[PDB]
Amino acid sequence: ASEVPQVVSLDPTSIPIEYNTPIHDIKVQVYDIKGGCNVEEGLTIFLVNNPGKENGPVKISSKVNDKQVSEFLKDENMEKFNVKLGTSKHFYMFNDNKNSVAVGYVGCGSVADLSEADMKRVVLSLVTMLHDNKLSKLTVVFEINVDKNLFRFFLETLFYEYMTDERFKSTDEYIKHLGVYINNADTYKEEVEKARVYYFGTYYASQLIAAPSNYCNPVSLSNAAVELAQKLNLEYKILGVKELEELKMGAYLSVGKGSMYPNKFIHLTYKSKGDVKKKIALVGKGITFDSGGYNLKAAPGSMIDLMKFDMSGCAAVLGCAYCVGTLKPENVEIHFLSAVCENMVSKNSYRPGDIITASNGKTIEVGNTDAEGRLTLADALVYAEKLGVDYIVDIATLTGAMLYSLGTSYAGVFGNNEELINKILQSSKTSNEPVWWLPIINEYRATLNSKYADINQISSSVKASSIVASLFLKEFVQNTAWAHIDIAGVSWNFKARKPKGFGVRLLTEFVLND
Amino acid sequence: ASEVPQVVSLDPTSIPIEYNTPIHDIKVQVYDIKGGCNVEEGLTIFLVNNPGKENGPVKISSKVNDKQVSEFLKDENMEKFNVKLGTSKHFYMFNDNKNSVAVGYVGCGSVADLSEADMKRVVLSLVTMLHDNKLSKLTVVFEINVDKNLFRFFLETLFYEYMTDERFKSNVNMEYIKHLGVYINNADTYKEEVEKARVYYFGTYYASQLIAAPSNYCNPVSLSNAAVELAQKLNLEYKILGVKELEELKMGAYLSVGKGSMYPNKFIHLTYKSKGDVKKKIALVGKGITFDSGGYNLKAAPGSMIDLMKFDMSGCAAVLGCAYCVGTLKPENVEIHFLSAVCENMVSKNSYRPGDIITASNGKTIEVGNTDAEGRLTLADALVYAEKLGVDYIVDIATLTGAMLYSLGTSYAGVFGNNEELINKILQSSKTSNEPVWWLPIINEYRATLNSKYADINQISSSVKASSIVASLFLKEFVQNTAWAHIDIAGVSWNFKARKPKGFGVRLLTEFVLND
Amino acid sequence: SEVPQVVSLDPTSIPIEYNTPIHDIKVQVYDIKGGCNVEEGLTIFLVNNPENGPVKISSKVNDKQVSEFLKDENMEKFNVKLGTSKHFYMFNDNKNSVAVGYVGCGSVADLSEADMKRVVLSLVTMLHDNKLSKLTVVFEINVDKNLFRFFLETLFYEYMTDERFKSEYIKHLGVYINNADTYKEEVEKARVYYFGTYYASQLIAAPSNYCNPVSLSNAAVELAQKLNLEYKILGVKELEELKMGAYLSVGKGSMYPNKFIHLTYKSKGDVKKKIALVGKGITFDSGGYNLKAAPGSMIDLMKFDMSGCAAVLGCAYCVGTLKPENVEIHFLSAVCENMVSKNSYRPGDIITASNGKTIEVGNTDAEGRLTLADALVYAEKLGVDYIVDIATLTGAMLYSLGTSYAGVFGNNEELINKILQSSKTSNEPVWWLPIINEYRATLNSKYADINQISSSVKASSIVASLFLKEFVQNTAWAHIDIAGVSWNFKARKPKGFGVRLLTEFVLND
Ligand SMILES: O=C(NO)[C@H](NC(=O)[C@H]1[C@H]2C[C@@H]3C[C@@H](C[C@H]1C3)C2)c1ccc(-c2cc(F)c(F)c(F)c2)cc1
Ligand SMILES: O=C(NO)[C@H](NC(=O)[C@H]1[C@H]2C[C@@H]3C[C@@H](C[C@H]1C3)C2)c1ccc(-c2cc(F)c(F)c(F)c2)cc1
Ligand SMILES: O=C(NO)[C@H](NC(=O)[C@H]1[C@H]2C[C@@H]3C[C@@H](C[C@H]1C3)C2)c1ccc(-c2cc(F)c(F)c(F)c2)cc1
Ligand SMILES: [Zn+2]
Ligand SMILES: [Zn+2]
Ligand SMILES: [Zn+2]
């Protein structure tokens, strides 16, 4: 526990965090469709498609244990509506006990199996039916086929989108029950609490990312990490400047020199109770605010006002810690690392041109102070390898170029080991968090040859910034399977103006399958 | 009717126009709300507020002639929803006769007076519902207060927003209603607003069709042809002036702009004259640049949005849209001239150049400092021509300066003038048309920056950044002794959010003509 | 067709060299087993050391003079750092003046194509600086047959110098290598691949006033007749009848009429695979009214916007020369020029592709995908199994893959894998990038059926891919974006990237 420094007494000294969310009070009940659906209080929504027929008619296939509601939902009545992806309708009628009931459907399109992108659109339509309607219960009937992972993804996304983050509201009700009808209900029931765990890890990462830099700063973010570890029973260590100096983490320390906040290195650990068969280090980039430094983000479109999100990597990692500490995987040991700091303009800031020494002795010539993430990661990666692990995986909002390469939907993965990269890709598939393998092209290595230092921070000629950054990071892992997940493009949801909490599920699937 | 030149045979030779729209098929009935509501058919939507209570619950007061819908509308059920402006819900159910109806509402907030802006939000929320509706009838129940002019705005806005422009497409989820029912206090006073709204709608939709039509469809030849066709449908006098006539009139400023285009300049002159005695002569002048590249001052800078510059003939579109309304409604005692010097501003071996000195048809020489200030050049000759007609009032409408975006923005247009009475009359038309306009000064202190070293006058200023004022000072120099006002709609003409035209100006100009 | 001129001094053809000094080089491969003979010219040893360690030459040299020079103690003074070279003049046993030296091949045992390029360059440097009758190269390293072929191709290509616009070479090449007999058939394959690549380079390097739509399609014709390939040049009257409104719009502003190029190779005998190769052919890209005016848009490079076409024609030369079996190939290119005029198409214009789809033009500098849409409609009407297009399409490739790797997108995994397999055996490196369907919605025009560009999504190369995907209804299709990879910025010349890639793809299938 460290005291957060303030300039005035109105400066915040902690990150407000909501642990007990309304979502956590929702009772979930799954039923097999074979038994028929009961339509009573609340809203009962059918998820319906029509394979191959673009805007085909709605047909309700499930038995509804009610004569009135069954009559209403007959084919002749439904044929006037179509299944176009994301279309929806509210129905109102009285049931057999002369009570009023609300029914409806969401269109799931014409394709037999939904992509995670489509499912997200289905959820968004559903969440629209929940908003602006004081409901006590929602009931969802699956007339579409989903695999278990996508069933879980449906739940996680539902919980995440429905939830509203109101921590910073001053002057400006959720359902209590969720029923789900699906074929083979027993096979899906185990997905429900996993979805709840995954939702909050995701949502937790999002609260830290969305928290502005005056609230979420290196000291308060590491304070939150400690607090998280205590609630979860993880081991933790927070390295302050004095310890970091002794470890000679020159790269990391140089970046934070300019900040009124002292750097804090977060190290959480989860150990299994049984024999440890696999050791892992997860490393998240943790710049709580990235002004660019003396290479100030002043150019049009540099979006300096978004740079609270430059610790999204760290948040994904802490979010993953929540899931792993909760679900408690066996036969594994996990280190959660983040070299947290803040990149500022000051009389004490490191300068463009400065030559700095990393913790492994490699000297680095700084060409651009706005390329700070790779400096902090270099020391975090050296530290990580000294732990003696089997895999190192870093996750980071490293390069703007990711927006020109893969866009806002897929993250990019780089690495030095093919078996590790495929495992990341397998996690991508099962978490439904899209990731694409990109090359580390060695031909570009020579532009990192500094005239004076051992290595250039940046390339003066090569414009493929994501690859060059990966080449730089590679120099700081000597002998361990390593992968890099650049999330600079997928971290923020620009349409909805909120974080995605991207990566938490991806990392946790990786830990679990292993 | 002139022939449209083509580069290849696949180039279009006319602007497609929809004259008959499904809006024109909708039967409109207005009923008095004190009698309660019939809801046995179609879609019934209640417009409701909750004064004082921000985001307050929905309460429906009206008696309805169906027990089922009555139950649905009980306070216990309706209070699960709130009246946040724009928020809507609607449900399908079976009525007393076991027929399918739909019932819902649109929230109108917590304030008893709806702004025009607020009303557009309500209308948009309604239209969203209609775009997923296949029911034959829409019934709108006003449990809020509205006035005759606000109600007519609701109708015009509803019609325009409801109609979609599919001319360049090669729903399956909606269908256009055939009946629209309105329940409102004092139905009989509001009835006459209906066909007026239908007229104002089409004039506005017609302008929008011209504006949205891309510059390979909408060029000076095709636009002048369209105007001729319109004039013939309305029995208007018309004449289109070509290059040789324009040269004889010595329109050097306007002809300079068009030099670099493959399309010959065409000057549009339509006339409406009332059957009775003529007491007021008015000239309506619309800027008609069918595409604005900037010329040699090419629109290359960040934010110059060259891909939207098909809209630089928006002023032309509003004056032709006004001609529809006028020719249809036929006001008495007035003679109105609809003017536009139409051309295209391009980059060619033949284009005029930055620095060129040119001579306007009133003899004034002009030093061109920026070829992208070409609108004021075409207007200069159009203003001279209009003053020659011997009118009492000249009003120009034009997408003239980008600086409107920084002064009034996208909601309010700006009016400048040389005559207070005419300006006051414009501001009144703005009020009753619900097309907002704000009076800005012509500050004479800036005039000296237009003193060219070589020519009679400068086109632009080299110092003053208050563009909109400077361009007005330039225009003023081409109206000698007539009451004149200038409406700058550059900020206001396009609807960025909805990616379509507003057709701004049609109703404003028509109201000015009808109520003066 | 007659090339139009503004002034009498305007050129009316592309100068093309067919018979090059390279084709006059006698190439001979020997097995290292029976020692190496150092009798004339320059002898170069390719050596490594499995880090910047010392040069140790292992092969036996049948000359007392050269052997004492290559003695381990002398050579230790030199290191094997990749790309470094030394070479000394000396007199051999019979008082002949000979030159002996080495090129270091680093410390890793398996060289990438990138390292191999570095070996070849340092080797070519010496050839340029020395009047030699004969180069001998000794391989004391391990290479694939593919990598061996790559060595030659690169050697020839970099050795050759293009002096067509200006106002000596070895006559013999000796190669000593382990298992000589397995590498002998790679020699003339390499010679062919060299010229396919050098030919494409000549067209790319040719400035726009020499290489315009008329003169470029004239050259394709001249190439077709020399190889006896079926050919067909479609002109404006035909393109209009075919209703290619997107492609015709791009060229409306040019003084050179559009020319659509169609060449065909058919193997003698049973044909099992039909293929359409489509190259982007914009002979100069000014950008149109969306003028390349912004810093770093590099308008002076934009003669290179025809690299995809050149790639395809270079491939036609290789396929026309090697005559693979079981295949029918259609080499397509909608050639035109993108210019600023009174006749130019405008941003905001709505135009109609030959399949009926209307397109809203958001940016005239995205002209490539417009011409490609109409080419792809045309290609699919040919009834082929695969459509592969190659294009300098989006500048974003620079920021995703850079100047070394091209990106490939497509609608069929089996075809994409074939392209990737050809990438590895041609040693022209390509990387698979996704077509992300979630971005499709930003091509939903308010007025037309589809947008040419996105106003929101910044993943240009993918959006462009999504756009092209709409013009292939039912055929396996891939798209190779070579914008970042086409021009060699350090050598200030073209790479002619894609010729060998497309040919291996044809050959391996
Ligand atoms: O500062 C950064 N990481 O710590 C990173 N900057 C870079 O990639 C720049 C920096 C470092 C490099 C050398 C040069 C060009 C490139 C690579 C300056 C970066 C990260 C995200 C973004 C970014 C900007 C946005 F507007 C945006 F919407 C977004 F999602 C990401 C831009 C730059
Ligand atoms: O080109 C024009 N009229 O033909 C007009 N140009 C200007 O106002 C500029 C031109 C002409 C001037 C000298 C200098 C500054 C000012 C005045 C360049 C103008 C009008 C509208 C817009 C404009 C741009 C937008 F991106 C936009 F969204 C909009 F609604 C309007 C930009 C420039
Ligand atoms: O002109 C082009 N295709 O015909 C292409 N332009 C783009 O990708 C831009 C164009 C077209 C688009 C709309 C907007 C942003 C994007 C997409 C302008 C493009 C292609 C190559 C390059 C390019 C520029 C360089 F300086 C360079 F060295 C290079 F290798 C390629 C730049 C733009
Ligand atoms: Zn940075
Ligand atoms: Zn202009
Ligand atoms: Zn271009």
# chains A, B, ... in the order shown; residues from 1 in each chain; ligands from 1
$ interface_residues --of "chain A" --to "chain B" --cutoff "9 Å" --atoms "only C-alpha atoms" --output "VMD selection string"
chain A and resid 55 72 77 80 to 82 84 87 89 to 93 100 102 132 to 135
$ write_last_selection --atoms "N, CA, C and O atoms" --output "mmCIF file, in the first residue's frame"
data_model
loop_
_atom_site.group_PDB
_atom_site.id
_atom_site.type_symbol
_atom_site.label_atom_id
_atom_site.label_comp_id
_atom_site.auth_asym_id
_atom_site.auth_seq_id
_atom_site.Cartn_x
_atom_site.Cartn_y
_atom_site.Cartn_z
ATOM 1 N N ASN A 55 -33.833 -12.733 -45.258
ATOM 2 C CA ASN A 55 -35.104 -12.243 -44.712
ATOM 3 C C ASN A 55 -36.245 -13.256 -44.803
ATOM 4 O O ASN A 55 -37.382 -12.885 -45.103
ATOM 5 N N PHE A 72 -51.006 -17.538 -30.537
ATOM 6 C CA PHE A 72 -50.386 -16.300 -30.984
ATOM 7 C C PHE A 72 -49.145 -16.578 -31.822
ATOM 8 O O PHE A 72 -48.930 -15.951 -32.858
ATOM 9 N N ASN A 77 -49.329 -16.464 -38.065
ATOM 10 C CA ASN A 77 -49.168 -15.162 -37.433
ATOM 11 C C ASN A 77 -47.745 -14.645 -37.523
ATOM 12 O O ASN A 77 -47.522 -13.440 -37.592
ATOM 13 N N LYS A 80 -45.471 -12.975 -41.125
ATOM 14 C CA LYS A 80 -45.432 -11.560 -41.486
ATOM 15 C C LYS A 80 -44.173 -10.881 -40.946
ATOM 16 O O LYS A 80 -43.939 -9.694 -41.189
ATOM 17 N N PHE A 81 -43.370 -11.632 -40.202
ATOM 18 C CA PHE A 81 -42.087 -11.111 -39.743
ATOM 19 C C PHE A 81 -40.916 -11.908 -40.313
ATOM 20 O O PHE A 81 -41.016 -13.108 -40.555
ATOM 21 N N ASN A 82 -39.792 -11.241 -40.514
ATOM 22 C CA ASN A 82 -38.620 -11.938 -41.031
ATOM 23 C C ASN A 82 -37.480 -12.009 -40.027
ATOM 24 O O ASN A 82 -37.476 -11.322 -39.005
ATOM 25 N N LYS A 84 -34.266 -11.209 -40.334
ATOM 26 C CA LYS A 84 -33.075 -10.435 -40.686
ATOM 27 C C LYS A 84 -32.232 -10.190 -39.456
ATOM 28 O O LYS A 84 -32.762 -9.877 -38.401
ATOM 29 N N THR A 87 -32.975 -7.888 -36.350
ATOM 30 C CA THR A 87 -34.321 -7.345 -36.299
ATOM 31 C C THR A 87 -35.022 -7.906 -35.063
ATOM 32 O O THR A 87 -34.671 -8.984 -34.577
ATOM 33 N N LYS A 89 -38.901 -7.718 -32.414
ATOM 34 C CA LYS A 89 -40.325 -7.423 -32.294
ATOM 35 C C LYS A 89 -40.815 -7.718 -30.887
ATOM 36 O O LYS A 89 -40.414 -8.718 -30.298
ATOM 37 N N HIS A 90 -41.674 -6.847 -30.363
ATOM 38 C CA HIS A 90 -42.330 -7.040 -29.062
ATOM 39 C C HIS A 90 -43.782 -7.488 -29.257
ATOM 40 O O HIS A 90 -44.536 -6.855 -29.994
ATOM 41 N N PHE A 91 -44.179 -8.562 -28.585
ATOM 42 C CA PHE A 91 -45.566 -9.002 -28.625
ATOM 43 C C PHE A 91 -46.209 -8.858 -27.248
ATOM 44 O O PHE A 91 -45.527 -8.908 -26.221
ATOM 45 N N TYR A 92 -47.528 -8.699 -27.227
ATOM 46 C CA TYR A 92 -48.260 -8.588 -25.970
ATOM 47 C C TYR A 92 -49.570 -9.358 -26.074
ATOM 48 O O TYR A 92 -50.316 -9.208 -27.038
ATOM 49 N N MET A 93 -49.839 -10.190 -25.078
ATOM 50 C CA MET A 93 -51.019 -11.045 -25.079
ATOM 51 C C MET A 93 -51.302 -11.524 -23.666
ATOM 52 O O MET A 93 -50.478 -11.338 -22.768
ATOM 53 N N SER A 100 -51.228 -10.982 -18.329
ATOM 54 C CA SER A 100 -50.551 -10.400 -19.477
ATOM 55 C C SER A 100 -49.089 -10.869 -19.537
ATOM 56 O O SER A 100 -48.411 -10.942 -18.515
ATOM 57 N N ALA A 102 -45.311 -10.611 -22.000
ATOM 58 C CA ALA A 102 -44.551 -10.010 -23.089
ATOM 59 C C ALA A 102 -43.671 -11.051 -23.775
ATOM 60 O O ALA A 102 -42.906 -11.749 -23.135
ATOM 61 N N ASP A 132 -34.746 0.602 -21.092
ATOM 62 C CA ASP A 132 -35.966 1.403 -21.147
ATOM 63 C C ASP A 132 -37.208 0.567 -20.864
ATOM 64 O O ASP A 132 -38.316 0.935 -21.252
ATOM 65 N N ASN A 133 -37.007 -0.559 -20.191
ATOM 66 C CA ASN A 133 -38.107 -1.429 -19.793
ATOM 67 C C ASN A 133 -37.849 -2.046 -18.425
ATOM 68 O O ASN A 133 -36.994 -2.926 -18.280
ATOM 69 N N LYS A 134 -38.589 -1.587 -17.421
ATOM 70 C CA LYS A 134 -38.452 -2.144 -16.084
ATOM 71 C C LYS A 134 -38.964 -3.576 -16.072
ATOM 72 O O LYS A 134 -40.158 -3.835 -15.986
ATOM 73 N N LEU A 135 -38.027 -4.500 -16.188
ATOM 74 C CA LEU A 135 -38.313 -5.921 -16.242
ATOM 75 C C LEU A 135 -37.769 -6.620 -15.008
ATOM 76 O O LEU A 135 -36.756 -6.203 -14.456
#
$ interface_residues --of "chain A" --to "chain C" --cutoff "9 Å" --atoms "only C-alpha atoms" --output "PyMOL selection string"
chain A and resi 117-118+401-410+436-439+441-444+462-467
$ write_last_selection --atoms "N, CA and C atoms" --output "mmCIF file, in the first residue's frame"
data_model
loop_
_atom_site.group_PDB
_atom_site.id
_atom_site.type_symbol
_atom_site.label_atom_id
_atom_site.label_comp_id
_atom_site.auth_asym_id
_atom_site.auth_seq_id
_atom_site.Cartn_x
_atom_site.Cartn_y
_atom_site.Cartn_z
ATOM 1 N N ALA A 117 -19.136 -12.250 -34.438
ATOM 2 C CA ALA A 117 -19.549 -10.904 -34.835
ATOM 3 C C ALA A 117 -21.070 -10.823 -34.968
ATOM 4 N N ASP A 118 -21.664 -11.881 -35.500
ATOM 5 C CA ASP A 118 -23.100 -11.923 -35.707
ATOM 6 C C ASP A 118 -23.794 -12.038 -34.355
ATOM 7 N N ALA A 401 -0.036 1.442 -35.921
ATOM 8 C CA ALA A 401 -0.097 0.814 -37.237
ATOM 9 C C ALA A 401 -1.082 -0.349 -37.283
ATOM 10 N N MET A 402 -1.433 -0.895 -36.122
ATOM 11 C CA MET A 402 -2.368 -2.010 -36.062
ATOM 12 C C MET A 402 -3.713 -1.619 -36.664
ATOM 13 N N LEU A 403 -3.997 -0.329 -36.660
ATOM 14 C CA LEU A 403 -5.275 0.136 -37.198
ATOM 15 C C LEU A 403 -5.264 0.044 -38.727
ATOM 16 N N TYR A 404 -4.082 0.173 -39.334
ATOM 17 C CA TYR A 404 -3.956 0.078 -40.786
ATOM 18 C C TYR A 404 -3.793 -1.351 -41.270
ATOM 19 N N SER A 405 -3.491 -2.266 -40.355
ATOM 20 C CA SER A 405 -3.205 -3.636 -40.755
ATOM 21 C C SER A 405 -4.408 -4.528 -40.517
ATOM 22 N N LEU A 406 -4.854 -4.639 -39.268
ATOM 23 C CA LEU A 406 -5.954 -5.540 -38.969
ATOM 24 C C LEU A 406 -7.246 -4.823 -38.567
ATOM 25 N N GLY A 407 -7.144 -3.545 -38.213
ATOM 26 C CA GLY A 407 -8.313 -2.748 -37.911
ATOM 27 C C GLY A 407 -8.732 -2.799 -36.452
ATOM 28 N N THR A 408 -10.040 -2.703 -36.208
ATOM 29 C CA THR A 408 -10.548 -2.619 -34.851
ATOM 30 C C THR A 408 -11.142 -3.930 -34.352
ATOM 31 N N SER A 409 -11.165 -4.952 -35.200
ATOM 32 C CA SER A 409 -11.784 -6.214 -34.800
ATOM 33 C C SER A 409 -10.773 -7.252 -34.347
ATOM 34 N N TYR A 410 -9.692 -7.448 -35.101
ATOM 35 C CA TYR A 410 -8.735 -8.488 -34.725
ATOM 36 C C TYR A 410 -7.466 -7.903 -34.135
ATOM 37 N N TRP A 436 -5.007 -12.499 -35.132
ATOM 38 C CA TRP A 436 -4.399 -12.951 -36.377
ATOM 39 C C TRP A 436 -2.875 -13.022 -36.286
ATOM 40 N N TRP A 437 -2.296 -14.120 -36.757
ATOM 41 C CA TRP A 437 -0.840 -14.288 -36.739
ATOM 42 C C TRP A 437 -0.158 -13.390 -37.769
ATOM 43 N N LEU A 438 0.780 -12.568 -37.311
ATOM 44 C CA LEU A 438 1.562 -11.710 -38.196
ATOM 45 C C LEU A 438 3.056 -12.074 -38.160
ATOM 46 N N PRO A 439 3.793 -11.753 -39.243
ATOM 47 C CA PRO A 439 5.192 -12.189 -39.294
ATOM 48 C C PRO A 439 6.156 -11.288 -38.536
ATOM 49 N N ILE A 441 9.490 -10.284 -39.520
ATOM 50 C CA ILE A 441 10.346 -10.349 -40.703
ATOM 51 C C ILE A 441 11.770 -9.908 -40.361
ATOM 52 N N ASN A 442 12.714 -10.848 -40.407
ATOM 53 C CA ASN A 442 14.078 -10.560 -39.955
ATOM 54 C C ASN A 442 14.838 -9.613 -40.858
ATOM 55 N N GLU A 443 14.465 -9.539 -42.127
ATOM 56 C CA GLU A 443 15.095 -8.582 -43.033
ATOM 57 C C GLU A 443 15.102 -7.135 -42.494
ATOM 58 N N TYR A 444 14.152 -6.795 -41.617
ATOM 59 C CA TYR A 444 14.085 -5.429 -41.075
ATOM 60 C C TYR A 444 14.980 -5.226 -39.863
ATOM 61 N N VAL A 462 12.017 1.754 -42.019
ATOM 62 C CA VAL A 462 10.934 0.791 -42.149
ATOM 63 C C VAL A 462 9.624 1.288 -41.528
ATOM 64 N N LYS A 463 8.558 1.345 -42.326
ATOM 65 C CA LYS A 463 7.294 1.879 -41.831
ATOM 66 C C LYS A 463 6.393 0.814 -41.196
ATOM 67 N N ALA A 464 6.745 -0.462 -41.343
ATOM 68 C CA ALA A 464 5.933 -1.524 -40.740
ATOM 69 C C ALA A 464 6.150 -1.569 -39.226
ATOM 70 N N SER A 465 5.572 -0.595 -38.531
ATOM 71 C CA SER A 465 5.832 -0.362 -37.114
ATOM 72 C C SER A 465 5.546 -1.531 -36.162
ATOM 73 N N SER A 466 4.530 -2.328 -36.447
ATOM 74 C CA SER A 466 4.208 -3.439 -35.569
ATOM 75 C C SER A 466 5.295 -4.507 -35.626
ATOM 76 N N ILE A 467 5.812 -4.774 -36.817
ATOM 77 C CA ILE A 467 6.862 -5.771 -36.995
ATOM 78 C C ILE A 467 8.173 -5.299 -36.359
#
$ residues_near_ligand --ligand "ligand 6" --cutoff "7 Å" --atoms "only C-alpha atoms and all ligand atoms" --output "PyMOL selection string"
chain C and resi 285+287+364-368
$ interface_residues --of "chain B" --to "chain C" --cutoff "9 Å" --atoms "only C-alpha atoms" --output "number ranges by chain"
B: 6-11, 165-170, 212-217, 260-263, 291, 293, 298-302, 306-310, 346-351, 498-500
$ closest_residue --among "B:357, B:221, B:122, B:460" --to "residue 374 (chain B)" --atoms "only C-alpha atoms"
B:460
$ residues_near_ligand --ligand "ligand 1" --cutoff "6 Å" --atoms "only C-alpha atoms and all ligand atoms" --output "ChimeraX atom specification"
/A:301-303,370-373,397-401,465,488-489
$ write_last_selection --atoms "N, CA, C and O atoms" --output "compact mmCIF listing (two decimals), in the first residue's frame"
# COMPACT_ATOMS: atom_id res chain seq x y z
N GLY A 301 -5.04 13.60 -35.46
CA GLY A 301 -5.35 12.18 -35.38
C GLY A 301 -4.50 11.37 -34.40
O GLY A 301 -4.67 10.16 -34.31
N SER A 302 -3.60 12.02 -33.66
CA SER A 302 -2.85 11.27 -32.64
C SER A 302 -3.70 11.00 -31.37
O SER A 302 -3.29 10.21 -30.51
N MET A 303 -4.87 11.63 -31.27
CA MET A 303 -5.88 11.33 -30.25
C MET A 303 -5.35 11.24 -28.82
O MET A 303 -5.62 10.27 -28.10
N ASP A 370 7.75 8.75 -27.85
CA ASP A 370 6.39 8.21 -27.91
C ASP A 370 6.41 6.71 -28.23
O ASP A 370 5.36 6.06 -28.36
N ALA A 371 7.59 6.13 -28.34
CA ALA A 371 7.68 4.68 -28.49
C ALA A 371 8.05 4.02 -27.15
O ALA A 371 8.91 3.13 -27.10
N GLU A 372 7.39 4.47 -26.08
CA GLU A 372 7.82 4.14 -24.73
C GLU A 372 7.43 2.72 -24.31
O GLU A 372 8.10 2.13 -23.47
N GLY A 373 6.36 2.19 -24.89
CA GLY A 373 5.84 0.90 -24.47
C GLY A 373 6.88 -0.20 -24.62
O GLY A 373 7.01 -1.07 -23.75
N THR A 397 -0.91 -2.40 -26.08
CA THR A 397 -1.35 -1.45 -27.09
C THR A 397 -0.10 -0.81 -27.70
O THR A 397 0.17 0.37 -27.51
N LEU A 398 0.67 -1.60 -28.44
CA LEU A 398 2.01 -1.17 -28.82
C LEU A 398 2.05 -0.21 -29.99
O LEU A 398 2.68 0.83 -29.90
N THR A 399 1.38 -0.53 -31.10
CA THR A 399 1.55 0.28 -32.31
C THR A 399 0.25 0.77 -32.97
O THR A 399 -0.67 0.00 -33.24
N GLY A 400 0.18 2.07 -33.22
CA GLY A 400 -0.91 2.64 -33.99
C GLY A 400 -1.12 1.96 -35.33
O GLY A 400 -2.25 1.88 -35.82
N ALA A 401 -0.04 1.44 -35.92
CA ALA A 401 -0.10 0.81 -37.24
C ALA A 401 -1.08 -0.35 -37.28
O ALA A 401 -1.54 -0.73 -38.36
N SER A 465 5.57 -0.59 -38.53
CA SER A 465 5.83 -0.36 -37.11
C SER A 465 5.55 -1.53 -36.16
O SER A 465 6.23 -1.69 -35.17
N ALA A 488 -3.43 -2.48 -29.77
CA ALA A 488 -3.61 -1.05 -30.01
C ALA A 488 -4.83 -0.71 -30.87
O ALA A 488 -5.32 0.41 -30.83
N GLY A 489 -5.31 -1.66 -31.66
CA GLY A 489 -6.46 -1.42 -32.52
C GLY A 489 -7.79 -1.95 -32.01
O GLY A 489 -8.84 -1.45 -32.41
$ select_by_dssp --residues "region 375-423 of chain C" --states "strand (DSSP E)" --output "PyMOL selection string"
chain C and resi 386-391+406-410
$ residues_around --residues "residue 310 (chain A)" --least-positions-apart "3" --cutoff "9 Å" --atoms "only C-alpha atoms" --output "list in words"
residues 209, 285, 286, 287, 288, 289, 290, 306, 307, 313, 314, 373, 396, 397, 398, 488 and 491 of chain A
$ write_last_selection --atoms "C-alpha atoms" --output "compact mmCIF listing (two decimals), in the first residue's frame"
# COMPACT_ATOMS: atom_id res chain seq x y z
CA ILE A 209 -9.16 1.21 -18.72
CA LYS A 285 1.78 -2.93 -21.04
CA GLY A 286 0.91 -0.41 -18.33
CA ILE A 287 1.24 3.21 -19.42
CA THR A 288 -1.53 4.95 -17.37
CA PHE A 289 -1.23 8.00 -19.55
CA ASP A 290 0.75 8.42 -22.75
CA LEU A 306 -7.73 8.60 -25.61
CA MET A 307 -4.36 7.69 -24.06
CA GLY A 313 -2.59 -4.52 -21.60
CA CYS A 314 -2.06 -4.37 -17.86
CA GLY A 373 5.84 0.90 -24.47
CA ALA A 396 0.05 -4.47 -25.29
CA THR A 397 -1.35 -1.45 -27.09
CA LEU A 398 2.01 -1.17 -28.82
CA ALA A 488 -3.61 -1.05 -30.01
CA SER A 491 -8.76 -2.23 -27.17
